[PDB]
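Quick note, the sequences are listed as chains AAA and BBB, same order.
For the first sequence, the deposited numbering assigns the number 2 to the initial residue and increments by one for each residue that follows.
For the second sequence, the deposited numbering assigns the number 2 to the initial residue and increments by one for each residue that follows.
This report refers to the structure that appears directly beneath it.
There are 2 protein chains.
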Amino acid sequence: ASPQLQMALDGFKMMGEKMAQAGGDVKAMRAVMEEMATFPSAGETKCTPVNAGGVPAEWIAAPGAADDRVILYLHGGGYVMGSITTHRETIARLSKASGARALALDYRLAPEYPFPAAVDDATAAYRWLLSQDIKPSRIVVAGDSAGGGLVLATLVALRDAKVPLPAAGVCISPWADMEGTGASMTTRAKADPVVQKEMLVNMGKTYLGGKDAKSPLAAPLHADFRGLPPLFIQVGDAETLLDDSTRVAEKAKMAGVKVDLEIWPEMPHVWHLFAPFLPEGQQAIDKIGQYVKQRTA
Amino acid sequence: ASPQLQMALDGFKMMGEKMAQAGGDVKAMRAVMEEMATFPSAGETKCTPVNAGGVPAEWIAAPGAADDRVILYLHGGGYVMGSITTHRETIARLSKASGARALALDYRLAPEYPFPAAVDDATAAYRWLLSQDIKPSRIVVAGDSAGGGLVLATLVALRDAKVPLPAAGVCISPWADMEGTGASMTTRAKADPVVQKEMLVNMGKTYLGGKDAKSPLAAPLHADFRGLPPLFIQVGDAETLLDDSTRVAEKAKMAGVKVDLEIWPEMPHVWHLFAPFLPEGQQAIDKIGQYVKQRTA
């Protein structure tokens, strides 16, 4: 609302500053994000670890979510950090709001497993879902920041490989440009308390392992969008990644894709994560909820 | 349990500044507290307005909560502000954690309705509960800050009037001493982001109506405690009101009252109010749940 928004902004502002303090050290960075993670929904949420075609994963089901309606969820963390643990609360709420069971992927991360390890797990995971006899028309592939990028990458890979595509793709504050050439990397630098050009390019370099920064599957800004299923893109105005969402939305419509873009005024990066006390976070999760139903009916 | 406590502390520090910038403007102050309050539990909580013996009130029942087991909840806000609206969330979490239906009072506030109106509403609300065939052994009277105070005053007044007493009383960071004479007004003044002596003595004066500050039903540190039911007192170590709790716990013990005092390290004033994201918030509420449950078996 705003004393709520201002809690969340100082929230990231502190996350943002412990980030800097970890330096290049990736164990530290991982701990900064894991320390912010709580799971207040745990008590009423069913969690079942599972191997998703060789990808460590977890079924996350809010009460009376359908077995046969499925979100394949791809967590953010710059392709170097995050885990089922950091995003578990958001996924549970998306499950509730959508009446769908989530498969939350623990996909391999950089520097240990650089690009395209993440993409191969996502695709492996999706192909596993089809193997379990879940209809493609009952699945949506959803993710935030890096994982929002990985949603586009994944759909592109799947379409290349000629695998039945899913009912839609949901991108929260997606990261699609590895070089940070977006206008918003300057016009939203003041407003954004955590994502900045330098730290993001550095995280990109780590993901790429010296491979080409314009590789479609790593930087889906530069990917071919023709034939992808409907895309839902939520992004905040107070985001250096605003123009990853604006440019992807423009390019996909031009390619004939059905896109819905929401630019949430004053909201910061993956504001969904502050859902428990930030009304906009839960509002944004309820909109995704409805989208998944109107797409999987 | 620290990136979260730091968000909470910043929360209070923002609130404390908005308090100071209303001056003594009571309309404005009442707006600061409404600003900060949300009700994320609303969707699963049954809320029923009611007149409680000529006191505007609300039944608030979490799922599972029983009709015949009740918390008379008495909200904080220094006897001048707060409402059912400010404390709805904390009250619904106390409802779920305790498996008890709660009655939230919009008790009358100074300076429109100075001391003793709050105490007359409280006791009027209590006797009404009894008129509705709710057994006193199935009642707990619970309150935070000013409302913590009001729990003590209410049990004193009820005992003096020979009204059959409830199973227990619960005081969260209770305000017992109108003159702020405790060691913690000096030893915890740096640590506590929200309660300072000056602002609080001056807020007592508003409640008192120039009546005596040692007045037992206004300052229950000075009340006789002999006869009162069991008390649960929870207070933060990072609180100027810490010694209100320790002093009240020592007097009460000495007067034969079965008293359970918990000092919570680093925690600030009514840290419960941050339960949605602050884990020690929800823990503190979970304990009150267990206390109410064991005291009403």
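For each residue, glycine too, the CB sits at the ideal point set by N, CA and C.
- Interface annotation for the stretch 26 to 56 of chain AAA against chain BBB: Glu36, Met37, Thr39, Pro41, criterion Cβ-Cβ distance under 8 Å.
- Across the stretch 79 to 102 of chain BBB, no CB contact with chain AAA closer than 7 Å is found for any residue.
- Straight through space, the alpha carbons of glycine 83 of chain AAA and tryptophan 265 of chain BBB are spaced by roughly 31 Å.
- For the pair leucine 110 of chain AAA and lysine 97 of chain AAA, the Cα-to-Cα distance works out to about 28 Å.
- Neighbours of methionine 15 of chain AAA across chain BBB, judged by C-beta separation under 7 Å: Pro4, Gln7.
- For the C-beta of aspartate 11 of chain BBB, the chain AAA residues within less than 9 Å are, from N- to C-terminus, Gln7, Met8, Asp11, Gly12, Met15.
- Taking 8 Å as the threshold, the shortest C-beta distance from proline 280 of chain AAA to chain BBB falls below it.
- At a cut-off of 8 Å between beta-carbon atoms, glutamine 283 of chain BBB makes contact with chain AAA.
- Taking C-beta atoms as the reference points, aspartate 68 of chain BBB and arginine 102 of chain BBB count as a pair closer than 8 Å.
- In terms of CA proximity to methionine 204 of chain AAA, AAA/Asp178 leads the group AAA/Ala184, AAA/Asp178, AAA/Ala224, AAA/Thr187.
- Neighbours of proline 277 of chain BBB in chain AAA, taken as residues at a C-beta separation under 8 Å, are given in chain order as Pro41, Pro277, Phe278.
- For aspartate 122 of chain AAA, the enclosing alpha helix (DSSP H) stretches over residues 118 to 132.
- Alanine 126 of chain BBB is not a Cβ neighbour of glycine 79 of chain BBB, given a cutoff of 8 Å.
- Taken in chain order, the whole beta strand (DSSP E) runs of length 3 or more contained in the stretch 32 to 73 of chain BBB are 47 to 52, 57 to 62.
- Ranked by Cα distance from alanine 285 of chain AAA, the options AAA/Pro277, AAA/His273, AAA/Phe278 are led by AAA/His273.
- Nearest neighbour of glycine 12 of chain BBB by Cα position, chosen from BBB/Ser246, BBB/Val195, BBB/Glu45, turns out to be BBB/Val195.
- For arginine 109 of chain AAA, the secondary structure class from DSSP, reduced to helix, strand or coil, is coil.
- Counting of Cβ neighbours within 10 angstroms places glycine 211 of chain BBB among the exposed residues, the total staying below 16.
- Note: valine 271 of chain AAA is not bridge-paired with any residue in the DSSP secondary-structure output.
- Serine 138 of chain AAA is not a Cβ neighbour of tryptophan 176 of chain AAA, given a cutoff of 8 Å.
- Look at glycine 237 of chain AAA here: in three-state DSSP terms it is strand.
- If you draw a straight line from the Cα of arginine 248 of chain AAA to the Cα of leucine 222 of chain AAA, it is about 7 Å long.
- Per the DSSP secondary-structure output, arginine 102 of chain AAA pairs in a beta bridge with AAA/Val71.
- Under the DSSP assignment, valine 293 of chain AAA falls in the alpha helix (DSSP H) whose first and last residues are 280 to 297.
- Separation of the CB atoms of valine 258 of chain BBB and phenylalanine 226 of chain BBB is rounded to 5 Å, and the pair is thereby assigned contact status at 8 Å.
- Assigned with DSSP and collapsed to three states, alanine 158 of chain AAA falls in helix.
- By the CB criterion at 8 Å, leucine 153 of chain BBB and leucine 159 of chain BBB fall outside the cutoff.
- Leaving aside the five residues that flank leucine 201 of chain AAA on each side, the residues in its chain whose CB is nearer than 6 Å to its CB run, in chain order, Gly181.
- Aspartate 145 of chain AAA is bridged by DSSP to AAA/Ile173.
- For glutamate 199 of chain BBB, the enclosing alpha helix (DSSP H) has its first and last residue at 198 to 209.
- Going by DSSP, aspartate 261 of chain AAA is part of the beta strand (DSSP E) stretching over 260 to 265.
- Note on geometry: alpha-carbon atoms of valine 157 of chain AAA and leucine 229 of chain AAA lie some 7 Å from one another.
- Annotated as distal: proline 41 of chain BBB and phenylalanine 275 of chain AAA, with beta-carbon spacing of 8 Å or more.
- Between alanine 250 of chain AAA and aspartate 193 of chain AAA, the beta carbon gap of about 19 Å keeps them out of contact (Cβ cut-off 8 Å).
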